[PDB]
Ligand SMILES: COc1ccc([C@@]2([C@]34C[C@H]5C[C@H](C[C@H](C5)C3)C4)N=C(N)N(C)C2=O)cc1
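Presented below, as structure tokens, is a lone chain in the form solved without the named molecule.
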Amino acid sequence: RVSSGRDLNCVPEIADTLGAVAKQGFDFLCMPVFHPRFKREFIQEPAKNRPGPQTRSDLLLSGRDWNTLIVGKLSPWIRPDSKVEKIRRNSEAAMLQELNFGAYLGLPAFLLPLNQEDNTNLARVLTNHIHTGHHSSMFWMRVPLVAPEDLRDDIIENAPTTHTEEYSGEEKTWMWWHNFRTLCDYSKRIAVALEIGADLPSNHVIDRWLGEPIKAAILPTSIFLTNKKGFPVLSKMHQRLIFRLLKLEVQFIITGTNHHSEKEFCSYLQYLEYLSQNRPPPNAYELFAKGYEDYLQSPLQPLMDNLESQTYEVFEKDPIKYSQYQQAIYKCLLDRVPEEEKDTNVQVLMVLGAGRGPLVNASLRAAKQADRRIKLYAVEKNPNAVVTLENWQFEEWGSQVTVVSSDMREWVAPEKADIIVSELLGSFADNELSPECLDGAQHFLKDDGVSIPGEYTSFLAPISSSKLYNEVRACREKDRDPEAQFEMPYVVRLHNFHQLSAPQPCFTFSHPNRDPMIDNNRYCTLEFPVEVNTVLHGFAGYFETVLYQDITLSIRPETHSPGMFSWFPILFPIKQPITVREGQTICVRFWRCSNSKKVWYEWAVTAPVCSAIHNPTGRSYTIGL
């Protein structure tokens, strides 16, 4: 199912028009709330005293219909940025009048054009309207992929069209939108209605709108091609853009008259439905991760906090993750116990942080298929999960598994371990203090003991996403620093965003750590080449870990463990967006800081522009030891 609307600039009768639009298959209708030719004076007489009514009556539709079926449109004659002063004054009052009438109707959306570079006064009037009451109405800024002047026909003899490429000039429409929303202070109610043209611009121009709050895509009937049976279709390049937009789940809008007069008008809409049915269904991961797109979550701190029951259930609904663990345990048992010692050598396996025991079962299945004997310890400090482990141990595992309700840093093991297994990793690898926990458990690991995982590495990548910046921005709380939300990471299924560079390794830890002077503090400087123009809002974080030899877990996209639902990426924001030109290098600095009580991250951008140092002294975010 595709949510689509019909754009019209001519509505004789609302009841008749809306009924025809609905019977064609549309969900909503874009129409003007005043007559687009009904120019109205506000200052000079006698035109200002024109008798009413000024427009249609609100009684012509039910309140439910205005709330869900109608999208308002600003009148075309309203030019708040006209160079003529009288035209500005009348446009300012008319824009307030039309906007206020839409809010009066409870309309869910209002369309406003971005058809030129200077919309400064248009932004001021809209910003004034946004701060005049408490409303949730959306404002769709109608902006084209290609400016009209850049797509006009080369039919003016003394004013030809330029043929040389203008890499930045071809991106002028994004600058129109960027400056407008920047003047409007990134208002959550201001979104983009991207208008698709007949000739798509170069991919970089289309990639500009990655991460932008696109809520609607406008497809003129003029761009639809014609097949053999006379039905409107799209070029393969247009189809490519439609599929990317279907992932953003934008609402499509059909504008223009019927240019395929033989076929009925619902032929355009049926083709959008056709393209939508012809795409791969949710592939396991996308079936699990749908609903969490761009949803900010506080990173779990399973050391400082005790995880709830259903949080462990989320961990356990990923068999691919634990079959990797089982395979890592399987290979390790064979490498430590030769065949002649299969019956005499019993390996001491210790699960450090067992939760409800998925690693314990994976260890048991590993020893079975490896045909080796193991003695199992299930260490877990969360006493609520220890209840799950001990009922398991009495009913199934038996004396082979020894449940230990203790912190692995304080537990006095009765013997040393051949293999320690742990799952203490977060989205940023070490952000749950897995190094600190395994360092404290290292003493009861044998001199030749194996730690699974053996090492892990965190990756960072600069991203562009005005929506995620706004989502972070909306996390201000009453009784703390007004900017604290920008100095803490978030676990989030990154969706509407643009990754500005290939991710690069940040922090790495090895276990066991034979080094005599163990220091988990880190300081890493990264330089990210950027081959586009964009606006930096934060850095995405991933991780890779080696369970054993070649068996790995990874959420790093280029090496993402195929079919693994566990772990969304992490997001480190920055207080202020940073403009980045093509060819410039984004240089970020990251510190892993710690004391006896807390561990935290600090980060700063040093190129092309310096940011403030974020989360200094962990004032806004720490990870409890």
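Each residue number is its position in the shown sequence, starting from 1. Just so we're on the same page, rigid core means the largest C-alpha set that superposes within 1.5 Å between forms. Residues that one form lacks are left out of the comparison.
Another form exists, solved in complex with the named molecule; not displayed. Remarks below refer to it.
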Counting ligand atoms of the named molecule within 2.4 Å of any backbone or C-beta atom, after superposition from its pose in the entry with it bound, shows the site to be blocked
message = Against the named molecule in the entry with it bound, would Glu432 count as a contact residue? Criterion: heavy atoms within 4.5 Å.
response = yes
Review point. For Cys506, is any heavy atom within 4.5 Å of the named molecule in the entry with it bound, or not?
Key: yes
Exercise. Does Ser363 reach the named molecule in the entry with it bound if we count a contact as any heavy atom within 4.5 Å?
Worked result: no
| query | If you check in the entry with it bound, is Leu122 within 4.5 Å of the named molecule, heavy atoms only? | reply | no
Of 562-570, 58-66, 35-43, 22-30, the segment with heavy atoms within 4.5 Å of the named molecule in the entry with it bound is residues 562-570
*asked:* What I'd like checked is whether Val11, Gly72 and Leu111 together line the named molecule in the entry with it bound, meaning each has a non-hydrogen atom within 4.5 Å of it.
replied: no
Answer key: of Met488, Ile555, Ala147, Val546, within 4.5 Å of the named molecule in the entry with it bound (heavy atoms) is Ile555
With the partner omitted here, the residue among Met95, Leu105, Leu424, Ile551 that in the entry with it bound has a heavy atom within 4.5 Å of the named molecule is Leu424
Looking in the entry with it bound, the residues of 588-605 with a heavy atom no more than 4.5 Å from the named molecule, listed in order, are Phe590, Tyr601
Listed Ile218, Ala429, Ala366, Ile463; moving between the shown form and the other one by 2 Å or more at the CA after core fit is just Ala429
Cα of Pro282 displaced 2 Å or more between the shown form and the other one, core superposed?
yes
Relative to the shown structure, Cα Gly426 and Cα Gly353 in the entry with it bound (3 Å or more change) are closer
Cα of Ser427 vs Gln549, shift of 3 Å or more in the entry with it bound, relative to this form: the pair sits farther
Per-residue Cα shift of 2 Å or more between the shown form and the other one after core superposition, grouped into runs of 3+, gives 280-282, 406-412, 424-431
